**Q** 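Pasting in a structure now, in structure tokens, and then I'll have a few things to ask.
Just so you know, ligand 1 is whichever comes first in the structure, and atom 1 is the first atom listed for that ligand. By convention in this document, chain letters (A, B, ...) are assigned in the order of the sequence lines, proteins followed by strands, and residues within each chain are numbered from 1. Just so you know, these numbers use all the heavy atoms, side chains as well, and skip hydrogens, waters and symmetry mates.
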Amino acid sequence: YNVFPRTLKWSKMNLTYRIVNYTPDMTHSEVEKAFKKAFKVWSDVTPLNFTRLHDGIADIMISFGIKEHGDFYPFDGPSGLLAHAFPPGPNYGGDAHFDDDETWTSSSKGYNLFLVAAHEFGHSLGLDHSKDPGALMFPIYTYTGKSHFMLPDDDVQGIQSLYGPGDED
Amino acid sequence: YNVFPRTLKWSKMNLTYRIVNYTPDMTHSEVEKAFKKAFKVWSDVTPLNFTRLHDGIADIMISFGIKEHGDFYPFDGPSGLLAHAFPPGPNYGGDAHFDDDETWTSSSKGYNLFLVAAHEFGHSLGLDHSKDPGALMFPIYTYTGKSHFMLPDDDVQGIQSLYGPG
Ligand SMILES: CCOC(=O)c1cc2cc(-c3cc(C(=O)NCc4ccc(C(=O)O)cc4)nn3C)ccc2[nH]1
Ligand SMILES: CCOC(=O)c1cc2cc(-c3cc(C(=O)NCc4ccc(C(=O)O)cc4)nn3C)ccc2[nH]1
Ligand SMILES: [Ca+2]
Ligand SMILES: [Ca+2]
Ligand SMILES: [Ca+2]
Ligand SMILES: [Ca+2]
Ligand SMILES: [Ca+2]
Ligand SMILES: [Ca+2]
Ligand SMILES: [Zn+2]
Ligand SMILES: [Zn+2]
Ligand SMILES: [Zn+2]
Ligand SMILES: [Zn+2]
């Protein structure tokens with residue numbers, strides 16, 4: 001027999017993602033690079049592996065949309081809500097949606113896609129918001145201007161509580 | 001940090017359920033009997049008790065729907081998906097939906113509602129699918145043609161690991 005897990009998490013280490021469509025604001029290559037980096041933030045500290053699919057059904061379906069876009073959480077035009085993602089689960093579970101009424105960027109001019117994606121994929125993997133003001137899962141966007149991203153310890157502790165550390169070296 | 005905590009089991013032993021609507025395939029009486037029997041499967045071997053409400057909110061809301069039916073886990077017409085249920089908890093937790101594009105029956109002509117409900121209620125109570133091919137929670141529908149239902153030992157051990165014996 002089998003009982004459900006105590007927390008909302010993926011029961012496999014190999015996860016797939018698919019970029020279903022693209023924002024006007026950035027090149028396909030910029031978007032792919034931002035999401036690739038965002039996944040590596042989490043894979044670096046767990047045993048999770050992320051592989052991109054070009055079509056079909058992926059564990060984490062990523063899309064850009066506006067207003068009503070196929071769930072219970074319509075976006076709201078420019079400003080306000082920027083993106084959301086669903087916790088691990090069947091169907092839409094894991095999916096990440098970005099509001100294409102916002103301005104997305106590879107830099108600091110608008111919302112940096114890498115940073116927002118890194119946060120949202122935390123949700124896709126089973127992290128909720130943190131109360132630690134220095135955490136990536138702290139629900140307020142910031143951009144620090146420095147050149148090297150480091151996943152804050154609170155997020156490391158949270159994600160490893162779910163999946164373990166993978167290779168610690 | 002925060003994770004999304006799952007409710008492994010219901011915190012109370014007395015649960016309510018409501019049959020929100022009814023399939024065209026069976027009489028109201030047959031549907032009521034099927035669900036009552038499906039709950040009895042699990043109450044017979046645990047301290048769980050189930051009481052039916054006729055209106056308002058209940059712990060387990062039971063309904064029949066087709067295609068997109070209000071939770072964005074759409075059914076797919078005849079065949080394929082037959083039903084699904086949400087794990088224990090508040091809100092949608094515990095609820096069970098049956099695909100009304102399937103033919104439901106009190107006998108063998110189609111899918112036996114009692115059997116599929118008994119399986120789905122196992123999910124509503126916190127059981128996942130079993131790997132034991134003989135278990136009720138094994139993810140393949142069967143119908144043995146026998147008149148008496150017996151909960152397989154794997155499901156008995158599973159449900160009791162959560163709620164204990166009766
Ligand atoms: C609407 C959902 O958004 C959020 O809720 C949310 C986003 C976010 C981002 C940081 C954050 C920002 C930085 C940072 O600026 N790091 C410097 C850096 C390094 C490299 C790059 C690059 O390669 O592009 C960009 C920035 N770090 N954190 C932990 C912290 C908390 C956060 N919450
Ligand atoms: C959503 C898809 O559903 C499933 O995944 C699923 C259904 C199912 C049913 C049995 C099963 C069937 C019988 C059986 O036929 N029992 C005899 C019987 C006796 C009485 C009645 C009656 O009162 O109507 C019906 C049947 N037993 N088991 C353990 C075993 C595994 C199963 N998996
Ligand atoms: Ca917005
Ligand atoms: Ca998904
Ligand atoms: Ca845009
Ligand atoms: Ca409920
Ligand atoms: Ca179906
Ligand atoms: Ca029907
Ligand atoms: Zn959405
Ligand atoms: Zn968030
Ligand atoms: Zn449903
Ligand atoms: Zn099932």
**Q** Measure the OH-CD distance between A:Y141 and A:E102 for me, rounded to the nearest 0.5 Å.
**A**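 So the OH of A:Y141 and the CD of A:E102 are separated by 11.5 Å.
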**Q** Walk me through it: do B:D100 and B:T23 pass the test side-chain hydrogen bond (donor to acceptor under 3.5 Å, both in side chains)?
**A** CA-CA 6 Å; B:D100 227 351; B:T23 178; 2.7 Å; yes
**Q** One line per pair, note the atom names and distance for all nitrogen or oxygen contacts under 3.5 Å between ligand 1 and the protein.
**A**
{"from": "ligand 1", "atom 1": "5 (O)", "to": "A:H119", "atom 2": "ND1", "distance (Å)": "3.2"}
{"from": "ligand 1", "atom 1": "5 (O)", "to": "A:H119", "atom 2": "NE2", "distance (Å)": "3.4"}
{"from": "ligand 1", "atom 1": "15 (O)", "to": "A:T144", "atom 2": "N", "distance (Å)": "2.8"}
{"from": "ligand 1", "atom 1": "15 (O)", "to": "A:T144", "atom 2": "OG1", "distance (Å)": "3.3"}
{"from": "ligand 1", "atom 1": "23 (O)", "to": "A:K37", "atom 2": "NZ", "distance (Å)": "2.7"}
{"from": "ligand 1", "atom 1": "24 (O)", "to": "A:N112", "atom 2": "ND2", "distance (Å)": "3.3"}
{"from": "ligand 1", "atom 1": "33 (N)", "to": "A:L136", "atom 2": "O", "distance (Å)": "3.3"}
{"from": "ligand 1", "atom 1": "33 (N)", "to": "A:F138", "atom 2": "O", "distance (Å)": "2.8"}
{"from": "ligand 1", "atom 1": "33 (N)", "to": "A:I140", "atom 2": "O", "distance (Å)": "3.2"}

**Q** Between the side chains of B:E30 and B:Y22, does any donor sit under 3.5 Å from an acceptor?
**A**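 Per modelled atom types, B:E30 and B:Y22 side chains form no pair under 3.5 Å.
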**Q** Who are the ring-ring contact (aromatic ring centres under 6.0 Å, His included) partners of B:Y92, not counting sequence neighbours?
**A** B:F86
**Q** My understanding is that only residues two or more places apart in sequence, or in another chain, count here; which of them pass side chain to side chain donor-acceptor pair (under 3.5 Å) with A:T105?
**A**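 Partners of A:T105 by the side chain to side chain donor-acceptor pair (under 3.5 Å) criterion, ordered by chain and then number, come out as A:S107.
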**Q** With the Ca ion (ligand 5) at the apex, how many degrees lie between OD2 of A:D25 and O of A:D100, rounded to 10 degrees?
**A**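 Taking the Ca ion (ligand 5) as the apex, the two atoms subtend 150°.
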**Q** In A:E102, which N, O or S atom comes closest to the Ca ion (ligand 5)?
**A**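 The nearest such atom is O.
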**Q** Which class fits the ring pair A:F121 and A:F35: parallel under 30°, tilted 30 to 60°, perpendicular over 60°?
**A**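 The rings of A:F121 and A:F35 sit tilted, inter-plane angle from 30° to 60°.
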**Q** Give me each pair satisfying ring pair (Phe, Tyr, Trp, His ring centres under 6.0 Å) with a member in residues 142-169 of chain A, each pair once, sequence neighbours excluded.
**A**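 Those involving residues 142-169 of chain A are A:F114-A:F149.
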